[PDB]
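Now for the letters of each chain:
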Amino acid sequence: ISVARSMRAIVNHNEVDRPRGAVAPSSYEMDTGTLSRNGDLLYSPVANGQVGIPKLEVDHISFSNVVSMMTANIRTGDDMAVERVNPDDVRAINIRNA
Amino acid sequence: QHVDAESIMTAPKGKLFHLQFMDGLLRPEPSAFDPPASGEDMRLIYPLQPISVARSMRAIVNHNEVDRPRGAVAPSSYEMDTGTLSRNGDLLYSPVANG
Amino acid sequence: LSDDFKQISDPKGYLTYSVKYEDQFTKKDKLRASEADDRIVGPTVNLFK
Amino acid sequence: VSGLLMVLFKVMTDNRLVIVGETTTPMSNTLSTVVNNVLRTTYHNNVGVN
Amino acid sequence: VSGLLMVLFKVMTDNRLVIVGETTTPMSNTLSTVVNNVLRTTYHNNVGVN
Amino acid sequence: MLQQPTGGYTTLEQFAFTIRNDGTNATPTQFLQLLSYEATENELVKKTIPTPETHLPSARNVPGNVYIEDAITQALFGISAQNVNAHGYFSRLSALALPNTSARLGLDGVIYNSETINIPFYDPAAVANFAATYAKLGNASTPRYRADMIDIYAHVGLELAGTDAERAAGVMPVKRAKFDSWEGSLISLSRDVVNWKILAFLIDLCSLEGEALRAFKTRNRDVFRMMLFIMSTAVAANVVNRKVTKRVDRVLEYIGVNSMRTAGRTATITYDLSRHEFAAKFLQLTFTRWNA
Amino acid sequence: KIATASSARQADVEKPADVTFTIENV
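- Regarding how it was determined, this PDB entry cites cryo-EM in its header, along with a resolution of 3.1000 Å.

**Observations regarding the packing of helix α7 (residues 185–194) of chain F against helix α10 (residues 221–235) of chain F**
Residue and element names in this part refer to chain F.
Now for step 1: Following both chains from N to C, one finds α7 and α10 inclined at 135°, their axes separated by 10 Å at the closest point. Comparing the axis directions of α7 and α10 gives the class oblique. Pair α7 / α10 crosses with left-handed handedness. Of the residues in α10, those touching α7 at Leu186, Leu189, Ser190 and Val193 are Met226, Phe229, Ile230 and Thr233.

**Remarks on a nonpolar patch on the surface**
Now for step 1: On the surface, a nonpolar cluster with roughly 610 Å² of combined accessible area is contributed by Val3(B), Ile8(B), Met9(B), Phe17(B), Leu19(B), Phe21(B) and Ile51(B).
Now for step 2: Structurally, the position occupied by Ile51(B) is in the loop between α1 (5–8) and β1 (84–85).

**Notes on the arrangement of the chains**
Now for step 1: Summarising the chain contacts, 15 pairs of chains touch, and the pair with the most contacts is chains C and E.
Now for step 2: A minimum C-alpha distance of 28 Å separates chain A and chain E, which share no contact.
Now for step 3: Here chain E and chain F are not in contact; the least distance found between their C-alpha atoms is 18 Å.

**Quick look at the sheet that holds strand β7 (residues 238–242) of chain F**
Residue and element names in this part refer to chain F.
Now for step 1: Read across the sheet, four strands follow the order β3-β6-β8-β7 without closing on themselves; strand pairing throughout is antiparallel. Looking at the sheet topology across the chains shown, the edges are occupied by β3 (36–45) and β7. Between one strand axis and the next, the sheet turns through 25° on average, direction left out of account.
Now for step 2: With six bridges joining them, strand β6 (residues 171–180) and strand β8 (residues 249–255) adopt antiparallel strand pairing. The residue of β8 that forms the bridge with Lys175 is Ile255.
Now for step 3: Contacts from α10 reach β3, β6 and β8 within the one sheet, and its direction differs from that of β8 by about 85°.

**Section: helix α3 (residues 88–97) of chain F**
Now for step 1: Extensive coverage of α3(F) is indicated by the burial of nine of its ten residues.
Now for step 2: The complete set of buried residues in α3(F) reads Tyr89(F), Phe90(F), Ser91(F), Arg92(F), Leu93(F), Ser94(F), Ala95(F), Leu96(F) and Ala97(F).

**Description of the interface of chain C and chain E**
Now for step 1: Contact residues are listed per partner, giving 21 residues for chain C and 23 residues for chain E.
Now for step 2: Carbon and sulfur atoms make up 59% of the surface buried where chain C meets chain E, a total of about 1,900 Å² over both sides.
Now for step 3: Taken together, the connections running from chain C to chain E amount to zero salt bridges.
Now for step 4: Here chain C and chain E share twelve residue pairs in polar contact between them.
Now for step 5: Where the side of chain C that touches chain E is concerned, the elements lending two or more residues are β1 (6–9) and α1 (35–47) of chain C.
Now for step 6: Looking at which element gives the most residues to the side of chain C that touches chain E, the answer is α1(C), with seven residues.
Now for step 7: When its residues are assigned to classes, the side of chain C that touches chain E shows ten nonpolar, four polar and seven charged.
Now for step 8: Two elements, β1(C) and strand β1 (residues 16–19) of chain E, share four bridges in a ladder whose sense is parallel. Across the sheet, the residue bridging to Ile8(C) is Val18(E), located in β1(E).

What counts and how
Residues numbered from 1 in each chain as written, not as in the entry; some residues may be left out. Chains lettered and ligands numbered in written order. Part of a larger assembly, values for the part shown. Heavy atoms only, no water. Axes fitted to C-alpha atoms, helices over the stretch in contact; angles between N-to-C directions. Helix = DSSP H or I, 4+ residues; strand = E, 2+ residues; numbered from the N terminus. Parallel < 35°, antiparallel > 145°, perpendicular 65-115°, else oblique. Left-handed = near helix turned anticlockwise from the far one by under 90°. Contact = heavy atoms within 4.5 Å. Patch = residues over 30% accessible without salt bridge, like charges linked within 9 Å, V, L, I, M, F, W, Y side chains within 5 Å. Areas by Shrake-Rupley, 256 points an atom, 1.4 Å probe, with all protein chains shown as cover. Salt bridge = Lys/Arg side-chain N within 4 Å of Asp/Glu carboxyl O. Pairing = 2+ DSSP bridges. Buried < 20%, exposed > 50% of the residue type's maximum accessible area, 1.4 Å probe, protein only. Buried area = accessible area lost by both parts, 1.4 Å probe. Polar contact = N/O pair within 3.5 Å; in protein donor to acceptor, adjacent residues only side chain to side chain. Nonpolar A, V, L, I, M, F, W, Y, C, P; charged D, E, K, R; others polar.

If you want it as structure tokens, here you go:
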């Protein structure tokens, strides 16, 4: 039933020993690895030689991640405006040629 | 201030003129959709000698959050030396080479 | 005694730094120095902001 | 099951695009050393739990 | 030129003689390390800019 | 002062040029190996490069320490570089060009009007040789001296995408470059380049003579090719991505053909007209020295 | 004095992005 459970019994037992059945958070909750070459999220490498497993690829939840973001608002407010200028004479307009 | 050409060609000798000069280095890039400027911005009065001689630091702002803006000036090292009193008690900068 | 000198504390120097700011430039990030490091470094950082 | 669609749907159409919020650049001397190991020069004022 | 004389003159006759002002002796633990490298046990409360 | 090695300053490990490739260090040549080209119907045909003007900017005295290396590398490669044609820096350069000037050009890339001893600095003869040509960057904007911003890039293409036969022929098909790449590969490439101490490469290119310089050209050809690649992306008319078999392949089109593009973009660094004049002049000087 | 349970959950603080007029570099 307790499938959403992450941590259990955050209290001491004899000021050192863990209570039987208390649960520390899984390591993946704290991995905050890196963006992949294409920009996918990934957990950090396990062994030094192997590449890190993508966070979407496995079933673990992970509560620290690298999010890309703009440093300040994209909508600066200098909206584009243009000088439309009409055809001089409507009869002379070339409808033809594609 | 606004200096007419006539005033520079008729100011009495020995009167101190007072000129102003832009340091436009701290001037942000134009908006990408700001309208084109048809005509030109022209300028006639220029110094004959270096002017910014009292200048110590220039453009204390980032360029791309690492690169220095072209023309920004860090303070000279001597501003920060605080060396020592000499044997007679004169002020001195710290030794350069160890010897 | 003759007043040959002029006792003073925290002496003022002959040269001082003047500074002109362009007030549209401010870092989005905000530094949080310790109170003592601000007591020391502070007049400087406030001047060369 | 109906609810799952709405999660899926609501996530299918999240168009949020992050802009940096208020940040802080603690001096290393004001941070206990482990936090300094974990911090990276600066952080959003609204660090959530972890 | 007249002004230069007054600088020279005013400096020729500066009779100020420094007395220590209010000082401070921060504990090293309250100072970020570079400041500790620069400080020398104690300093006048009125450090000016540098 | 650093005595210049017979092989040039570039032989020193102090001046190794390197670029991250998906974040790992690599020699420029092994990046250029990743590059692949698809030719099209158009043909680049290099013209003779007009000989550079003899007029250095007047060597006027200026306050402060000009940071010349950062100026040049920024104007060529830096993101949205500014004030690239401000004249003072090159006034100091032409000051270096004089036979017995007090100014010295430190390994830092700074020029110091004093003989400030503590910083090691390049041999004055070599920097005189360097400034004697590169002070001319100081007239990049002046109308009489502006470089052809268009035809010069053909040489760029030839020295980048050119096959040895295409190079000897003096003509090549216009090419569209592509390579397997990480996101932001071009910007990160430009960051890796803009940190290059190109003053060693240019002081060597100007001061070295005969067999040592010819060996120098064969040795540093990949570096010059790389600076050329960053410039080419700055002028590429269009730059995109293709998603072949999970791998993404960045595609710049087209090499060797300046588009006079001015508005910035996500893909690449982008010259304003000032940076174009600057880069053009730089290319004129640099290729004129490169082909002799 | 009776024992009591309680609960909490981390709050949303997702403001729509602010419009600063100040710029941070040249």
